[PDB]
Ligand SMILES: NC(=O)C1=CN([C@@H]2O[C@H](COP(=O)(O)OP(=O)(O)OC[C@H]3O[C@@H](n4cnc5c(N)ncnc54)[C@H](O)[C@@H]3O)[C@@H](O)[C@H]2O)C=CC1
Ligand SMILES: Cc1cc2nc3c(=O)[nH]c(=O)nc-3n(C[C@H](O)[C@H](O)[C@H](O)COP(=O)(O)O)c2cc1C
Ligand code: SF4
Ligand code: FES
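Protein chains in written order, with my numbering: chain A, 497 to 926; chain B, 845 to 1057; chain C, 62 to 124.
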């Protein structure tokens, strides 16, 4: 196919996304959930991983790793230790609230995804790490898990298969760095949420020292629909190596911010003008677009017109898809203040274990505050770029890269505004 | 905003504190939830339970959590200081947290803040004289498509106007609990100007399952 | 109360590449010598995964 977008309503995986049906077991089973799951559990982990590999499903957390290879990293014999599948539901990334809607409205899809993923790698039990502030969503998930346990779907002889399974929920304590998989693994174990170094990878040494596979909410909940509908159906959408459907959160200076399921290769402008109502003041009132939240650099209107919102095309556009969160800023926005607020958010949310992030994020916060006040020199700006090059690639986890990227994008795409601001401050105050 | 404890008369290790027996049963359920030999993994939830017994964490729940779980108290100190959910100071009965990250700052959360100062007469991090409300500024709470937004205790109030949050304050002053949902024309996350998708009925079970399942 | 001394050899430090030339130089000038062998540290076996064991005491308490 050449023109993408405009996903059909019958091909949308996440039905009852807006909460227009019942979220309990009766509403879940009347929409197509928990159908022939016993055959899925009986056909074998190799068959399940083959169906995942045929679909071409990639990591929806924000890194875009192939889910088939990562899930096949556990296809090894047991060594006297159990195996665990952990579903990441921290949701600390600004601009992204799709997994909150998935948990609050369709929890049984997530539970069936946990069971299918646990059988797919021989996991003894599943843990779900939810945010501390998501008390009502955690309570809804607990109600759904209790109704699944009481109906014999999971527990002893789960879904009439002979392979037992347990699903747990562990509530967080309000930390963004706990969204990282190794910091999440450490936070489950009662330690502080500080990430580990890889190697050892979590597939070898994870939670409690046992083998552990950490996966996003939507890349887990899609898997029952992958195993039921088929590999070719899920691989038909989008370009090659970018297959599937994605939940896009459009927010910012838009008339109707929302969360919408769409095909992968939908253009940005078409998606905004169709599923969100367009930018206030017209499309020509657009100034900047953040494509996937705080972990990717912004792009201007000159490139946003003809860009494709998948991994490869946005990587070619010197940015990243990330969590697919379209933040929109129009021409009436002080984007220096927006990047300063983003860097201050990173300053307030940083685990501080490894020193380059721990010092350079506060350094960037001070430099951005001086830039907002305009008390800066032009020769400082390139130095700031060099500071980013001392953070990107020298950190334990990827929060340092996610801190260096928005400043690099802001400099690269809006240097004349920064020079104008500092020249204006120098002309006025001196 | 301090990470060192000083021995105050209100907050001392000799302050009386204990779990209720129902809280002890919940603590034992949380302990049984985890594998044997790793009871320290129950440090994070059980201490949370202690907050739900008090609303704030003195330095007696830290030592108590260390006593039941047989962990050193300094690990409990590290856990309670690393995370921002634990109130290590006595907060009010209603804990207002306003989000001011970029997707919420773009949709004018500053008007909501200025309404809070102009209504209650306290600064950020300042308490009311009757210890009923405490206003703090927080990061993103995962309600970005419903910006602007605040949270109170465990409830979310999204798509707020200054008049709406003032009315929320007066309704809380009457003692009634508000409705934790978006206050605009939308319900949870749908577009306000009609539904873009999901208007067709769901297709039910058995829709296009692969052969040989 | 300055440090008044009487030894002229109190600040004599000589550097040799290995032991045998030092012994030869010490016996060449008739100086009776005490020789101490070098103490090479043992090559340890450092594992980062040992802090995250499952059935061992090497589980760290904090990081
Ligand atoms: N979803 C969200 O809320 C947020 C997402 N992100 C995104 O998260 C990403 C950073 O996270 P990571 O998962 O660490 O990125 P990536 O560098 O690590 O790796 C992707 C996945 O592949 C696995 N992997 C790669 N090579 C492996 C190997 N040889 N053996 C075993 N496993 C291997 C990793 O364990 C990981 O689960 C960024 O792309 C960032 O944009 C960032 C912030 C928030
Ligand atoms: C600082 C940081 C925060 C992250 N936060 C989340 C998160 O909140 N939710 C999530 O699913 N992934 C988050 N990730 C990505 C995870 O490392 C990992 O990609 C995810 O748990 C599973 O990835 P997958 O989609 O390939 O299975 C974060 C990564 C980093 C570096
Ligand atoms: S980059 Fe920052 S958040 Fe990540 S491990 Fe280092 S100090 Fe912690
Ligand atoms: S930016 Fe405010 S809820 Fe996410």
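Cβ coordinates follow ideal geometry from the N, Cα and C atoms, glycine included.
- Counting only residues of its own chain and dropping the five nearest sequence neighbours on each side, residue 895/B has a CB closer than 7 Å to the CB of 901, 930, 931.
- Ligand 1 never approaches residue 740/A closely enough for any of its heavy atoms to be under 7 Å from the residue's Cβ.
- Cβ neighbours of residue 542/A within its own chain (closer than 8 Å, five residues either side excluded): 571.
- 887/A is the residue among 878/A, 839/A, 887/A whose C-alpha sits nearest the C-alpha of residue 853/A.
- Taking a Cβ-Cβ threshold of 9 Å, the residues of chain B close to residue 122/C are 884, 915, 916, 918, 919, in chain order.
- Rounded to the nearest whole angstrom, the C-alpha separation of residue 69/C and residue 63/C is 16 Å.
- Relative to the non-hydrogen atoms of ligand 3, the Cβ of residue 590/A never comes closer than 7 Å to any of them.
- Residues of the region 679-700 of chain A with a C-beta less than 8 Å from any C-beta of chain C: 682, 687, 688, 690, 692, 693, 695, 696, 700, listed in chain order.
- When 838/A, 709/A, 740/A, 703/A are compared, the shortest CA-CA separation from residue 120/C is found for 703/A.
- Taking 8 Å as the cut-off, the Cβ atoms of residue 834/A and residue 946/B count as close.
- For residue 981/B against residue 942/B, the beta-carbon gap comes to about 6 Å, under 8 Å, which counts as contact.
- The closest CA to that of residue 81/C, considering only 66/C, 72/C, 114/C, 94/C, is found on 94/C.
- Under DSSP, the beta-bridge partners assigned to residue 742/A are 758/A.
- Inside the region 977-1015 of chain B, DSSP marks whole beta strand (DSSP E) runs of 3 or more residues at positions 977-982, 993-996, 999-1002, from first to last along the chain.
- The DSSP-derived three-state label of residue 701/A is coil.
- Taking a C-beta distance under 8 Å as the contact criterion, residue 875/B and residue 920/B do not qualify as a contact pair.
- Residue 823/A has a beta carbon lying within less than 8 Å of a beta carbon in chain B.
- Contact annotation: residue 986/B and residue 508/A have beta-carbon atoms that are not nearer than 8 Å.
- DSSP places residue 662/A in the strand class (E or B) of the three-state scheme.
- Put simply, the region 1004-1024 of chain B does not touch the region 621-628 of chain A. Fewer than three CB pairs are less than 8 Å apart.
- DSSP, reduced to helix, strand and coil, places residue 826/A within a strand of the structure shown.
- When secondary structure is reduced to three states using DSSP, residue 946/B falls in the helix class.
- At a beta-carbon threshold of 9 Å, the residues of chain B lying near residue 749/A are 950, 951, ordered along the chain.
- Taking the Cα positions, residue 84/C is about 18 Å away from residue 100/C.
- Note on residue 979/B: 16 or more other CB atoms within 10 angstroms of its CB, so buried under the neighbour-count rule.
- At a beta-carbon threshold of 9 Å, the residues of chain A lying near residue 114/C are 701, 705, ordered along the chain.
- Judged by beta-carbon spacing, residue 882/A lies beyond the 8 Å limit of residue 501/A, meaning their Cβ atoms are not closer than that value.
- At a cut-off of 8 Å between beta carbons, residue 532/A contacts chain B.
- Distance from the C-beta of residue 561/A to the nearest heavy atom of ligand 2 is below 7 Å.
- Residue contact check for residue 981/B against chain C: no CB pair falls below 8 Å.
- Each of 845/A, 753/A, 916/A, 768/A was checked against the Cα of residue 991/B, and the nearest Cα belongs to 753/A.
- Under the three-state reduction of DSSP output, residue 688/A falls in the coil class, being neither helix nor strand.
- At a cut-off of 8 Å between beta-carbon atoms, residue 109/C makes contact with chain A.
- For residue 859/A, same chain residues with a beta-carbon under 8 Å away, outside a window of 5 residues either side, are 883 in chain order.
- The beta carbon of residue 933/B sits closer than 7 Å to those of 900, all from its chain and outside the five residues before and after it, given in chain order.
- Distances from the CA of residue 683/A to each of 782/A, 586/A, 774/A, 742/A were compared; the closest alpha carbon is that of 586/A.
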